[PDB]
Amino acid sequence: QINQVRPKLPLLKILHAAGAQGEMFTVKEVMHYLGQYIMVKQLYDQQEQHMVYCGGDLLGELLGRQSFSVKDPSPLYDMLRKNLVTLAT
Ligand SMILES: CC(C)Oc1cc(C#N)ccc1C1=N[C@@H](c2cccc(Cl)c2)[C@@H](c2ccc(Cl)cc2)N1C(=O)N1CCNC(=O)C1
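Each number in UniProt numbering corresponds to the 1-based position in the sequence shown with 22 added.
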């Protein structure tokens, strides 16, 4: 057993649509399922594989924006700030 926290139903949907290893994880575990989700869903640019385009996806509707970069993680962590509680203080 993991001994960690469950994100809300829409966010858990992204992670399960990716194939997550439970319903209880840390920020660093939950966000790893986004990387595998995009790699399976191939939501990145043809020109820039590290640039992500979630427009029309559940992950995009949940982000509230069609795009972010592997070099700019900020809006993911902000979508977690209010969806997911962590050990961090
Ligand atoms: C899925 C595409 C976009 O990912 C990549 C492609 C490239 C290129 N060119 C370079 C890097 C990745 C990358 N970098 C990480 C990452 C770590 C920390 C922060 C962030 Cl934001 C990203 C993580 C990932 C995790 C969450 C998300 Cl939301 C998206 C992507 N991520 C991967 O999931 N990877 C890299 C390793 N092998 C794989 O098969 C997939």
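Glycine residues also receive a C-beta, built at the ideal position from the N, C-alpha and C atoms.
Remark: three or more beta-carbon pairs, one from each stretch, lie closer than 8 Å, so the region 67-85 and the region 25-37 are flagged as touching. Listed in chain order, the non-local C-beta contacts of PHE90 below 7 Å within the same chain comprise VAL74, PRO97, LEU98, local neighbours out to five positions each way being set aside. Of all alpha-carbon atoms in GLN68, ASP94, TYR66, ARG103, the one lying nearest the alpha-carbon of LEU84 is that of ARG103.
For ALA40, the CB contacts under 6 Å within the same chain, skipping 5 residues up- and downstream, are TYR55, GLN58, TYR59 in chain order. Contact check for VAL62 against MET46 fails: the beta carbons are separated by 8 Å or more. The beta carbon of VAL92 is closer than 6 Å to those of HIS72 in its chain, skipping five residues each way along the sequence. Distances from the CB of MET61 to the heavy atoms of ligand 1 include at least one below 7 Å. Bounds of the alpha helix (DSSP H) holding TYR99 are 96-103.
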